[PDB]
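Here the structure is laid out as structure tokens; the discussion comes afterwards.
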Amino acid sequence: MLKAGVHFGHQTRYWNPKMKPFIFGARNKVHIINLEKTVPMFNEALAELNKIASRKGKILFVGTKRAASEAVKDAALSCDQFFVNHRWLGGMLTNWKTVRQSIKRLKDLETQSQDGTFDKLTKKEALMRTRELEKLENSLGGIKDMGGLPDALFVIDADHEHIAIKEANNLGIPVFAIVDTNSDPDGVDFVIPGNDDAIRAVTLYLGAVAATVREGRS
Amino acid sequence: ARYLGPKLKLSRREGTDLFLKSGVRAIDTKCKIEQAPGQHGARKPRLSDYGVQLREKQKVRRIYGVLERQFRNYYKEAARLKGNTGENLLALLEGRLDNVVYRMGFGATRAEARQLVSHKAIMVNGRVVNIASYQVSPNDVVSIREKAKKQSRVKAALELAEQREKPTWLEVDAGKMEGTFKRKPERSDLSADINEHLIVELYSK
Amino acid sequence: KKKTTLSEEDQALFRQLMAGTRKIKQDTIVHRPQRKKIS
Amino acid sequence: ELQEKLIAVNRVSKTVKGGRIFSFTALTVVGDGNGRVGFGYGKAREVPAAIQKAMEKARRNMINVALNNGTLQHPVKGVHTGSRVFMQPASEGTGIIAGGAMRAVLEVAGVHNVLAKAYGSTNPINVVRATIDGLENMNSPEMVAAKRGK
Amino acid sequence: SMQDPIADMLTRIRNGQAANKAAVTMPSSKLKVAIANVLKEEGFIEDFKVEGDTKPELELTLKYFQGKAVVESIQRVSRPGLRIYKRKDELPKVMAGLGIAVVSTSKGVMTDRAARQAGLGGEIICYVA
RNA sequence: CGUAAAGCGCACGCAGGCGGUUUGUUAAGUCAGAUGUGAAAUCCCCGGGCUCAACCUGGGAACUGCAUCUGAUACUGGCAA
């Protein structure tokens, strides 16, 4: 489960004192996460996360910053699971009700789009409707086939995606976050002290998570 | 010093049968119960919190035929006695002599029992007691005197004693027309629907 | 029982690889969330 | 077994461009009768919509209370905004004898016979908030003995 | 100036519990070690350790049960401005018995349960709730 | 007691209040017990008599105090280091 890796921590600026148990913290004004603390934390997250993944649950990867996209689309979509990669709408969990009818409009407009009446009656309004499918497709992308509110939540940055953590704490959903030294372990049930903005680190990181999700009872 | 008015009106403001006209017939049938306690009685009250507490106290007094200074003194005595003040208050109301004469079937109502008690027709322990609020101790024998024995009332009253539920804390026996108050009634032995915490809280404000 | 892991000497070696003095020893109170019920 | 009851309805105002606009706020408390107390605020343009939003918010956001036999355990003081609130277990100290807007939350809370006395402000929206805070930080002899070993 | 070192000790423990502090050091004395022994005995702290030779330093390893802290509210009762001396009948119970009150009796520094059992009152130092 | 009423314009300082830490002694405060007293009635408790109640009444508790004697010595005070 342990591989020598490349991130070793980051974020000189705006570091958070609640990350003080997780910091080794030496070099050149920047903070180094104690990865000897990360490895048991991340193995625990794989443990409980595989435990809910084997109970046939829905996981909802969250990847708004770049380049977490399309790495969260690649990792969630490598499993049979769900994702948010563009702007996470304020309240797609806590009013999922209204977001249910927006997802319903995305389904009705893609069914109307590639099969039904798309060339019908107008060119301009048809262009309008297609770019409504671009907007509703990139905002409600992964979540469009969920049909429930999910059994866990896996966010890739705790301070950048504080809204989703705040809602999953509001609803009693287990939050699995890779925090950095600027972030805050709010209500993150399974904190992982890592590096949020390195693409090597998040592809290794989501590689491991997507690896352990796609083992159910099989 | 006692009510002396329309009785079924009092039973109709409370919404519940207060057993104020037990008498000959069955369940009311000529009361228009629930419908109109006065002219605007068809209106639902939308009653307050003071209104529910007050109205509970009035339910209990209008059952047992007690006025306010006497009831209030029962609350003070039930408060100072050891235990549960609601249950002590019902134990003080159930030891009243007119009540025990009603429970034994000697009177059809509690007012008729109160007139039997009042008109020197009732002895306790072989001594005539003239007083409606005499507090009957446990293991007492309360009976009817030789005068006003075999008068019609009490006979008819025992006739309607069998229609009711035969209280557990008595020895009702109607052959000799004498009874034995054996023990204090448990709270679970009486009526089940009066909320005495409301009258504890009414007097404790 | 402790989970299988790299040897303590190996951890020290990792510490040795760490460039510079390279040791962080801040001590703070630690709070652990209660385990979720199986049910 | 839900046991809902409303404490306070008010008419608030807004003062727009053309005159004023009057809205109604409810404030209800639900509770099962054995711990499990919630309150909800809810505001709307008419009174039944206000109480319905209040009940609907109060059915969620419901808190556990560690009751005794039928009552509190130790005397507890809860404060919220300007509203300071005392409670005393009154080990069968008969009847719920609390102030207005505290009688209700203690009534549906499932407690039966405590002694209360609110101090300070006694705004109903803050005297609950000072009863739940209060009943929330009241802990039981199996919780204190859990903490401190025995 | 420092005029109540006991209330200073209890302040150290309130602000250590409030800051999720692992352990608390302070200057040490006979009365602070007596109180600390009562607190360890009743289960409000994990351990204590007095070090130093010429300047002793008491150190209290604090307790945290869940994420929450064990010492819920520690108060100083008999302050120097106004000292409070209770008899064996006037001797209070805190949180209706769920929380001890450290009384200095002539036999030693005890709790309220232990000194009400010993049949002797004294000077009530602190409520630990 | 920042802004609702409320921090002296600022200091020095007497009387006053409070006082780090260790050991020994005292035991004034503090605590425990005992004795004397704290009138009777009244309040409270358990009973008794007026048909009940009010009322009257038997016994207790109480009168949270003060004084003296006997102890305890952790804290506070006195004294010595």
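Just tell me how shielded C:30-39 is by partners: mean number of partner chain Cβ atoms within 10 Å of each residue's Cβ, no decimals.
Across C:30-39, the average partner-chain Cβ count within 10 Å equals 3.
For E:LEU31, E:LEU60, what's the fewest-to-most ordering of other Cβ within 10 Å of each Cβ?
Values: E:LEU31 14, E:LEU60 25.
Ascending number of Cβ neighbours within 10 Å: E:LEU31, E:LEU60.
So what's the protein assembly as shown giving for Rg/Rh, alpha carbon basis, Kirkwood Rh from the mean inverse pair distance?
Working: Rg = 36.7 Å, Rh = 33.2 Å.
That ratio equals 1.10.
What FRET efficiency would be calculated for the residue pair E:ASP53, D:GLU1, taking the C-beta separation as r and a Förster radius of 60 Å, to the nearest 0.05?
With a Förster radius of 60 Å, E is 0.35.
Among D:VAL79, D:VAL105, D:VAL37, determine the one that fluctuates most according to a GNM of chain D built with springs between C-alpha atoms less than 10 Å apart.
The residue with the greatest mean-square fluctuation here is D:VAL79.
How do A:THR111, E:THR105 line up, fewest other C-beta atoms within 10 Å first?
Lowest to highest Cβ neighbour count: A:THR111, E:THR105.
Could you work out the Kirkwood radius for the stretch D:21-150, taking every pair of different alpha carbons, averaging 1/r and inverting it, reported in Å?
15.1 Å
For helix A:35-53, what angle does its Cα long axis make with the longest principal axis of chain A, in degrees from 0 to 90 and rounded to 10?
Orientation of helix A:35-53: about 40 degrees from the principal axis.
In straight Cα distance, which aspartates and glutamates are under 14 Å from C:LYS37, not counting same-chain residues fewer than 8 positions off?
A:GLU48, A:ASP189
Rounded to the nearest 500, what is the 222 nm mean residue ellipticity of chain D from helices alone, with -39500 (n - 2.57) per DSSP H run of 4+ residues and division by all residues? Mind dumping the intermediate values first?
Numbers: 5 runs with 34 residues, N = 150.
So the helix-based figure for chain D works out to -5500 deg cm²/dmol.
Among A:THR98, A:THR122, A:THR12, determine the one that fluctuates most according to a GNM of chain A built with springs between C-alpha atoms less than 10 Å apart.
Highest fluctuation of the listed residues: A:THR122.
Can you spot the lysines whose alpha carbon is less than 20 Å from E:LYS86's alpha carbon? Ignore those fewer than 8 places along the same chain.
Within the straight-line cut-off, E:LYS86 pairs with E:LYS107.
If the only charges are +1 at each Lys and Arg Cβ and -1 at each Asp and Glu Cβ, what is the size of the charge dipole of the stretch D:53-120 around the Cα centre, to the nearest 20 debye?
That gives a dipole near 320 debye.
List every residue whose amide H lies under 5 Å from the amide H of E:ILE45, counting only residues 5 or more places away in sequence or on a different chain, with H placed 1.01 Å from N in the peptide plane.
E:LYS40
Tell me, A:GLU215, D:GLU107 in order of fewest to most beta-carbon neighbours within 10 Å?
If I rank by nearby Cβ atoms, fewest first, I get A:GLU215, D:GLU107.
Can you check what the net charge comes to around D:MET143, using other residues whose Cβ is under 13 Å from the Cβ of D:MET143 (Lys, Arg +1; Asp, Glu -1)?
Its environment carries a net charge of +1.
Quick one: net charge around D:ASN34, please, counting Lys, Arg +1 and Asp, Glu -1 for every other residue with C-beta under 14 Å from its C-beta.
-2
Hey, what angle do you get for helix D:47-59 against the long axis of chain D, alpha-carbon based, 0 to 90 degrees rounded to 10?
Roughly 30 degrees between the two axes.
Quick one: Karplus J couplings for the stretch B:72-78, per residue in order, coefficients 6.51, -1.76, 1.60, θ = phi - 60°, nearest Hz, x for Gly and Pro?
5, 5, 5, 5, 5, 5, 5
Starting with the highest mean, order B:195-204, A:29-38 by the number of other Cβ atoms within 10 Å, averaged over the residues of each peptide. Provide the component values of the computation, followed by the final result.
Details: B:195-204: 20.2, A:29-38: 18.1.
My ranking of the peptides, most packed first, is B:195-204, A:29-38.
Pick from A:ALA126, A:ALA71, A:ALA152 the residue whose mean-square fluctuation is largest in a GNM of chain A, springs joining Cα atoms under 10 Å.
A:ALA126
Return the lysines within reach of E:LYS32: Cα separation strictly under 16 angstrom, same-chain partners fewer than 8 residues apart disregarded; answer none if there are no such residues.
Within reach: E:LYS40, E:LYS49, E:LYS55.
Return the subset of A:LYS65/C:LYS3; A:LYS3/A:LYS97; B:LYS205/D:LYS5; B:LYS59/D:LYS53; A:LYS20/A:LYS51 for which the Cα-Cα distance in this structure is over 32 Å, preserving the input order.
A:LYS65/C:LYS3; A:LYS3/A:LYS97; B:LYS59/D:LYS53
Sorted from largest down, give the three principal axis spans of the alpha carbons of chain B, whole angstrom values.
Principal extents (Cα only, largest first): 52, 43, 30 Å.
What's the FRET efficiency of A:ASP151 with B:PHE19 using the Cβ-Cβ distance as r and R₀ = 60 Å, to the nearest 0.05?
0.50
What's the center-to-center distance, using Cα atoms, between the stretch A:71-136 and the stretch D:54-98 in Å?
The stretch A:71-136 and the stretch D:54-98 have Cα centres spaced 48 Å from each other.
Provide the per-residue ³J(HN,Hα) series for the stretch E:9-24, in order, calculated from phi with Karplus coefficients 6.51, -1.76, 1.60 and θ = phi - 60°, each as a whole number of Hz, with x at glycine and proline positions.
4, 6, 5, 4, 6, 4, 6, x, 5, 6, 10, 6, 7, 7, 7, 9
Add -39500 (n - 2.57) for each DSSP H run of 4 or more in chain A, then divide by its residues: what number comes out at 222 nm, to the nearest 500 deg cm²/dmol?
Only helices count here, giving -13000 deg cm²/dmol.
Given H placed on each backbone N at 1.01 Å, which residues far from A:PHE154 in sequence or on other chains put an amide H within less than 5 Å of it?
Close amide H contacts, sequence-distant or interchain: A:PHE61, A:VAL62, A:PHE176.
What shape does chain A take by its C-alpha gyration tensor, where a ≥ b ≥ c are the square roots of the eigenvalues and a/c under 1.5 counts as rounded, a/b above b/c as prolate, and the rest as oblate?
prolate
Enter the mean number of other protein chain beta carbons within 10 Å of the beta carbon of each residue in E:54-67, as an integer.
2
Please give the average number of partner chain Cβ atoms lying within 10 Å of the Cβ of each residue in D:112-119, rounded to a whole number.
Going residue by residue through D:112-119 and averaging, the value is 1.
Positive end of the charge dipole of the stretch E:5-69 (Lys, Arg +1 and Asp, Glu -1 on Cβ, about the Cα centre): tell me which of E:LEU62, E:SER28, E:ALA18 has its Cα farthest that way.
Most positive-ward Cα: E:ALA18.
Could you give me the ³J(HN,Hα) list for the stretch A:156-169, computed from phi with Karplus coefficients 6.51, -1.76, 1.60 and θ = phi - 60°, whole Hz, x at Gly and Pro?
Computed from phi, the couplings for the stretch A:156-169 are 9, 8, 7, 7, 6, 10, 5, 5, 5, 5, 5, 6, 6, 6 Hz.
Output the 0 to 90 degree angle, nearest 10, between the alpha-carbon long axis of helix E:30-42 and the longest principal axis computed from the alpha carbons of chain E.
90 degrees
Can you give the FRET efficiency for C:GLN16 and D:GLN52, using 1/(1 + (r/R0)^6), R0 = 60 Å, r = Cβ-Cβ distance, to the nearest 0.05?
0.35
As a convention, Cβ positions derive from the backbone with ideal geometry for all residues, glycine included, and neighbour counts pool all protein chains shown. Every number here is computed from the coordinates shown, using simple stated rules; none is lab data.
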